[PDB]
Structure formats: structure tokens, C-alpha cells
Amino acid sequence: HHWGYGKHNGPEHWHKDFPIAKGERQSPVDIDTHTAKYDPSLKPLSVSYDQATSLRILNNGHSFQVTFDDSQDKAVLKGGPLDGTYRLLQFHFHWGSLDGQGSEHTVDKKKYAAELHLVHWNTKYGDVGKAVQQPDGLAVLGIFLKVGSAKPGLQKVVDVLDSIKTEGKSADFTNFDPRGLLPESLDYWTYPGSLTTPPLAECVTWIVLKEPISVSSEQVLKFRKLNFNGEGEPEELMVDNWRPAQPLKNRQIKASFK
Ligand SMILES: O=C1NS(=O)(=O)c2cc(-n3cc(CO[C@@H]4O[C@H](CO)[C@@H](O)[C@H](O)[C@H]4O)nn3)ccc21
Ligand SMILES: [Zn+2]
């Protein structure tokens, strides 16, 4: 009885194995745009992805992820609300069964069709395992996806999904440039939160971009043909792998823009 997103092992059950699920800085949250506070002391984000080295793409049974070489300062995030340098480790997506759901964060209760998470870890802690134990260990860049025109920089990902259909499958995925996934603007909201999957550690500075990227209906359709199950088991489509919004409690959401 592992955790997942079904009726019997979904987000409402996770607290039994991970009691921090009911903690004080859980993610995702609804971003109320009229109560977020513009903070002029926030710096522009600095995204330096020019030397990124992607390694593999993997279906982990919960989402699919692209992993990067994080052994040096190749692809780093700095600035914004962050102190220090955060290395890119992986990206993955959360998506829905229908176009009106799929994101984890919401904006004035609006849900997007998917959400992209670029996960980075604070190099002062030496390895990612140490970083997850610290309140400033991780920085996740979140990007909303809406259905519209195709995103050409996503197509290399879509085209390899057939080869990682079921849980446990991986493939070589080199020379992918994550800059092709970013919107035009880097305006953002930020707040202190958590991982959105077990173990739900409260170690994340969230940086959620205001501007969504557009992807085509055919691109999102390919996400929805992945499988939660391993090869040989009964087919269960990988859809609706998102955690609902959690209480904000004693936290302020700050905006880099007004
Ligand atoms: O679905 C999710 N959305 S999210 O909140 O952006 C997120 C983050 C993670 N993170 C996982 C990790 C650590 O991953 C591995 O963990 C071990 C120790 O955990 C290392 O020893 C290993 O080498 C490291 O590669 N850091 N973030 C996983 C899933 C989601
Ligand atoms: Zn995620």
C-alpha cells in the first residue's frame, strides 16, 4: 500500500505515513493575487542554464522526470528571494485528465492544465539529501501550462514518452536545453513551502512564475497516455497526479511585480 493519487492512497491519506502533511508550511497553495504583497526588495531571478547537461528521462510511477548533472555549477538559479546558489537537479510535470485541472498551485482559484517544476538544491549543503533536511534547502521554479499553441521546445520531451510508458522505464536524454520551457517574463510570486509529494519535507522556497507557457492539445494528450502501473500490470493511466491546495496558515505570499 504505497502512496499515490487514487481513491485509497491519494493525498487525503498521505498524513498517515507522513504526518508533516498537516504541517504549517505545506504546498501547494492558492495564490490570492489581491492579498499577495509587492516587495520591492526582491531581486530579479537569475537563471543560468547555458551549460545544462541533461542525462536521463524516467517514469517513476508518479510523474516523469528529466535528470541533470548536478556535480558542478552548470545550470544554476540565483537571485530573487534566494541567498546563495541553487543547482538544477531535475524537472517534472503534474497534469490533469481534462484541460481545466492539472496544476498544483492555483491563481485566484483558477487551475491550469499542468504545472512544470524545476527542482534546484542549495549548494551550501553539499548534496541534495542534506538539503532536504534544511528550511532553505530547495528552490522550485513552478511554471503553469495552458492549452493553446504548441511549445516547440517541449516537443523533444513529448516524442520520447512512448519509450517510458510504464513505471520504472528510463531512457538516455542528452542535450536537452531547459531554456526552451521558460516564459518571456520572469515575474514571480514566492512563499516558503514544501515538496508536494511524500516525504512532504518543509524545505522549499517556491518561486511561481506569473506568465504561463502555452502547449498544444496534442502535446498534453501525450502526457495523459503514460501509465502509473509497471509493465505487465493492469493499465492505469497517469492522470491527475496533483496535490490539492493546502492552508496558507501563517505565511505571506510576496510578488516581485505590481
Ligand atoms: O513531485 C514533486 N514536486 S516537487 O515538490 O517539485 C518535488 C521534489 C522532489 N525532490 C526530490 C528530491 C531529492 O531526490 C533525490 O533524493 C535523494 C534524497 O532524496 C538523493 O540521495 C538523490 O540523489 C536525489 O537525486 N528533491 N526534490 C521530488 C518530487 C517532487
Ligand atoms: Zn512537482
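Out of all DSSP beta bridges with both ends in the chain, state the antiparallel percent to the nearest 5. Can you show the working numbers first?
Details: 44 of 57 bridges.
Beta bridges within the chain, antiparallel portion: roughly 75 percent.
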> Mind listing the phi-derived Karplus ³J(HN,Hα) values for the stretch 49-62, rounded to whole Hz, using 6.51, -1.76 and 1.60 with θ = phi - 60°, and x for any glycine or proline?
Replying inline: 9, 5, 9, 4, 10, 7, 10, 9, 10, 9, 9, 9, x, 10
> So who's got an amide H within less than 5 Å of the one on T85, skipping anything under 5 residues away but keeping other chains? H placed 1.01 Å off N, in plane.
Replying inline: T123, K124
>> For a quick size check, give me the Cα extents of the stretch 26-152 along its three principal axes, largest first, whole Å.
In response: 39, 38, 29
>> Under 18 Å from a point placed 7 Å out from the Cα of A171 along the Cα-to-Cβ direction: which residues of the stretch 237-258 have their backbone N that close?
In response: 238
>> I need the trypsin sites (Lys or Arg not before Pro) found in the stretch 93-154, filtered to DSSP loop residues with at most 12 other beta carbons within 10 Å of theirs.
In response: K109
> Separation of the stretch 149-180 and the stretch 81-118 by C-alpha centroid, Å?
Replying inline: 17 Å
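Rule-of-thumb check for the stretch 170-213: C-alpha Rg over 2.2 N^0.38 Å? Mind dumping the intermediate values first?
On the way: Rg = 14.2 Å, N = 44, 2.2 N^0.38 = 9.3 Å.
Working it through for the stretch 170-213, the quotient is 1.53.
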> Among the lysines, which fall within straight-line cross-link reach of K254, defined as a Cα-Cα distance under 16 Å, with same-chain neighbours fewer than 8 residues apart omitted?
Replying inline: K37, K43, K210
> What nm distance separates the two modelled labels at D32 and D159, each placed 7 Å from Cα along Cα→Cβ?
Replying inline: 4.6 nm
> Using the 10 angstrom Cβ neighbour count as an exposure proxy, how do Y5, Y191, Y38 rank, fewest first?
Replying inline: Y38, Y5, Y191
> Counting only residues 5 or more places away or on other chains, whose amide H sits under 5 Å from the amide H of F173 once H atoms are built in the peptide plane?
Replying inline: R56, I57
>> Quick check on the exposure proxy: order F91, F176 from fewest to most C-beta atoms within 10 angstrom.
In response: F176, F91
> For the stretch 1-67, which trypsin sites (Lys or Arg not before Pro) are both in a DSSP coil and crowded by at most 10 other Cβ atoms within 10 Å?
Replying inline: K7
>> What does the C-alpha gyration tensor say about the overall shape of the chain? Classify as rounded when a/c is under 1.5, otherwise prolate if a/b is larger than b/c, or oblate.
In response: rounded
> At what distance in nm do the modelled label points of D17 and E235 sit from each other, each positioned 7 Å from its Cα along Cα→Cβ?
Replying inline: 2.6 nm
> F257 versus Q133, label points 7 Å from Cα toward the beta carbon: distance in nm?
Replying inline: 3.9 nm
> For the chain, what does -39500 (n - 2.57) per DSSP helix run (n ≥ 4), summed and divided by total residues, give at 222 nm, in deg cm²/dmol to the nearest 500?
Replying inline: -1500 deg cm²/dmol
> Which far-off residues, 5 or more places away or on another chain, put their amide H under 5 Å from the one on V107, with H placed in the peptide plane?
Replying inline: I31
> What list do you get for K249, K169 if you sort them by fewest beta carbons within 10 Å?
Replying inline: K249, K169
> Which FRET efficiency, nearest 0.05, do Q51 and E24 yield, Cβ-Cβ r, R0 41 Å?
Replying inline: 0.65
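Reconstructed Cβ throughout: ideal geometry from the backbone, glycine too, with neighbour counts over all protein chains shown. Just so you know, all these numbers are worked out from the coordinates, no wet-lab data involved.
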